[PDB]
């Protein structure tokens with residue numbers, strides 16, 4: 001009766017109100033704390049992302065076949081039991097699938113029978129007792145799976161994952177405070193294009209990566225390296241396009257990474273950098289950099305060799321002026337100089353019209369120039385300049401900046 | 001009472017607004033999980049695609065004669081019982097019967113009296129115990145079966161299909177990861193115009209494809225292939241005009257790919273290709289060169305030889321620069337060039353008058369050339385480029401471009 005009441009209670013009109021848009025401009029429905037699943041939810045064909053969160057006693061009716069745009073279904077803490085015609089429909093229609101659970105209790109069985117899906121995101125503790133990678137032994141039949149994010153506090157790499165990966169393309173590893181035992185088993189699996197390692201507390205980058213020549217995006221965030229004698233061994237790999245080593249504790253970055261001109265992204269913010277020598281910056285074509293919250297006394301000169309920048313950061317450190325070497329660069333769009341001690345502002349940095357988003361709030365500048373008055377490109381919603389001296393700025397400068405907040 | 005209630009819930013005026021249009025611009029009526037098939041549906045006189053999906057145990061009444069435009073009878077999972085005058089109506093009238101199914105009772109036992117059938121796709125697994133293809137042993141009775149699309153997961157090509165093959169022309173065998181062991185059974189089949197071994201896990205192209213002399217449209221999608229060395233034997237086929245090679249694992253191409261001058265729509269996309277030979281441009285009839293999402297480091301210049309080329313799509317490659325003689329082609333209709341690592345577009349793109357959609361979202365374009373506004377047929381909607389990169393155009397030039405957009 002409650003399920004029948006839910007259908008009449010949730011009208012299509014009320015549901016259309018609940019539809020929002022996600023990052024991909026796709027229509028998402030957030031079903032939050034519903035005792036059942038309304039058939040009116042499957043009535044509305046405009047849905048794309050079906051977020052059903054902590055919904056118990058789920059029996060997904062095949063009226064979902066009438067829903068047209070469904071490529072995402074977000075199963076959070078749900079014991080799902082789908083019907084066979086719905087199985088047939090989602091085998092040809094669904095394209096991504098996120099699953100959150102508490103061990104075997106909320107892991108569903110119909111997920112394996114769907115063999116055409118691309119994205120299979122698994123959330124919840126899979127490191128359960130007495131079930132050491134034996135539940136996921138039924139993943140072998142999946143040959144179309146290319147994106148597989150594994151965030152389940154895994155202890156070891158499953159051998160079944162090694163068997164299945166032959167047709168994989170994207171893989172992400174999140175351990176949230178657990179030392180993974182990789183044991184160099186990645187030599188088998190060659191097709192992999194994107195690999196990520198977040199907060200593994202390793203300090204020792206494995207060797208099986210170098211046998212793979214297809215990795216373009218490598219994310220090693222919060223790995224806390226201190227002496228990277230690995231970027232002399234990363235010279236073996238000639239596919240990595242953007243290294244992501246941010247929120248580490250790098251004491252000094254070893255110079256050899258200067259030889260990879262294909263590097264385009266230097267994420268190194270919130271670090272313990274004391275001095276970083278020059279030859280790091282022999283690569284010219286780096287766009288995004290982040291160096292916030294450091295102890296650097298001067299930004300090294302051969303960053304001046306970098307001519308293809310888009311973002312930097314001098315946040316919360318002991319740098320008082322922008323060197324002429326940084327003025328040899330011509331592509332400073334974004335920066336992060338807020339809550340800092342920058343004193344002198346020359347005309348070279350100020351004439352950079354394409355300044356996209358520079359943090360400057362809390363900076364210890366002396367006075368702000370009248371060069372923030374006229375042009376319709378560099379303005380407040382772009383550049384958040386220090387508001388203590390924005391008051392002493394002329395009202396026409398404030399006109400440009402408030403124009404940013406309007407235009 | 002059931003039919004009266006059914007008609008009351010879904011009256012002719014109710015389904016009049018429900019009248020929708022399909023891809024073929026024929027009127028369609030998606031009847032889904034409805035208790036019976038209504039007579040108010042039949043009161044229409046121009047429905048061409050009767051979409052009968054999951055309607056359990058219903059007798060089609062004589063009122064179906066009102067559907068004068070009914071060419072395609074889409075029977076999906078529907079237990080359909082029908083009377084003798086309408087069986088005769090089927091043997092003399094119906095030209096297309098598009099069947100999705102799961103059971104040999106869902107497929108009806110009165111379509112083998114049907115004779116005027118000219119189009120049909122079967123969708124649904126057919127591998128069953130003691131009841132294989134005795135269902136469609138009336139294919140021999142079906143003397144006009146030219147279109148036979150099979151998303152039916154057949155483990156082997158039926159021999160009754162071969163005996164039909166005197167008039168069979170299109171065989172889209174989407175086996176969903178099952179190999180079609182042709183075993184030169186298509187050697188007997190000397191009259192085909194098309195063959196599509198889609199997702200059939202070949203890894204080796206059979207000789208039954210080459211042995212013919214009437215094939216025109218060959219589509220080998222997702223076969224995990226490595227080498228295409230066998231096209232020297234393709235010179236026997238004098239009518240091949242298209243090879244859509246979608247989603248394969250090809251490491252490299254040989255040079256003899258240039259031999260097939262008869263090729264028009266040569267697809268080589270979603271591959272691991274690192275080198276395209278100059279010999280490849282020996283072909284002169286190439287019309288649809290879709291090289292989307294590839295590993296091509298640069299567009300070769302000799303591609304200017306293709307004077308019939310209309311839709312050249314090279315999105316998401318690693319293409320650095322565009323050579324000049326690339327722009328010798330003027331018949332280009334859809335240049336999808338996005339997600340590249342291109343630094344700039346040469347001014348010869350302003351020479352393009354047929355420029356309708358050029359995808360520049362990405363690349364490294366400092367400023368758009370003004371000549372992009374010169375293209376008359378190009379409107380602002382067709383100019384797929386980032387707004388920040390787009391905004392460099394002059395004010396009255398933007399006024400003319402917006403005038404073209406609103407016209």
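A few notes on this one:
- Across region A:226-336, the mean sequence separation of Cα contacts (distance under 8 Å, 6 or more residues apart), normalised by length, yields a relative contact order of 21 percent.
- Applying 0.36 nm per residue to the separation of residue A:354 and residue A:392 and subtracting their alpha-carbon distance, the gain on full extension is 11.3 nm.
- Label geometry 7 Å along the beta-carbon vector: residue A:162 inter-copy distances in nm: 4.4
- A label point on residue A:193, set 7 Å along the Cα-to-Cβ line, lies at 3.6 nm from each of its counterparts in the other copies, closest listed first.
- Kirkwood-type hydrodynamic radius, region A:136-240: 14.4 Å, calculated from all non-identical alpha-carbon pairs.
- Three-way shape call for chain B based on the alpha-carbon gyration tensor, with the a/c threshold at 1.5: oblate
- Anisotropy class of the protein assembly as shown from Cα gyration tensor, a/c 1.5 cut: prolate
- Relative to the longest principal axis of the Cα atoms of chain A, the long axis of helix A:84-93 lies at roughly 30 degrees.
- Cut-off 13 Å (backbone N to label point 7 Å along Cα→Cβ of residue A:259), residues of region A:181-216: none
- Between identical copies, the spacing of residue B:367 label points, each set 7 Å from Cα toward the C-beta atom, reads 3.3 nm from nearest to farthest.
- Burial ranking of peptide ranges A:72-85, A:356-369 (average Cβ count within 10 Å, highest at the top): A:72-85, A:356-369
- When both bridge partners sit in chain A, DSSP labels roughly 5% of those beta bridges antiparallel.
- Label-point gap, in nm, between residue A:216 and residue A:92 - each point 7 angstrom along Cα→Cβ: 3.2
- A protection proxy built from the mean count of other Cβ atoms within 10 Å ranks the segments B:290-298, A:269-277, most packed first, as B:290-298, A:269-277.
- DSSP finds beta bridges in the protein assembly as shown, and of those with both partners inside it, around 5 percent are antiparallel.
- For region B:85-141, the relative contact order works out to 39 percent when only alpha carbon pairs closer than 8 Å and six or more residues apart are counted.
- Residue-normalised convex hull volume from the C-alpha trace of region B:1-117: 96 Å³ per residue.
- Chain A - mean residue ellipticity at 222 nm from DSSP helices (-39,500 (n - 2.57) per run, n ≥ 4, rounded to 500): -4000 deg cm²/dmol
- Gyration tensor (alpha-carbon) shape descriptor, region A:226-336, a/c threshold 1.5: oblate
- Here region B:1-117 carries DSSP beta bridges of which approximately 10% are antiparallel, counting only pairs with both residues inside.
- Going from the residue with the fewest nearby Cβ atoms within 10 Å to the one with the most, B:33, A:33, B:189, A:189 rank A:33, B:33, A:189, B:189.
- With the simple model of a label 7 Å out from the Cα in the direction of the Cβ, residue A:208 to residue B:333 spans 4.9 nm.
- Approximate spin-label separation residue B:130-residue A:241, in nm, with each point projected 7 Å along Cα-to-Cβ: 5.8
- Cα centroid separation - region A:289-311 against region B:167-211, whole Å: 59
Values quoted throughout were computed directly from the atomic coordinates according to the rules given, and no laboratory measurement underlies them. Note: ideal-geometry Cβ built from the backbone for every residue, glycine included; neighbour counts use all protein chains shown.
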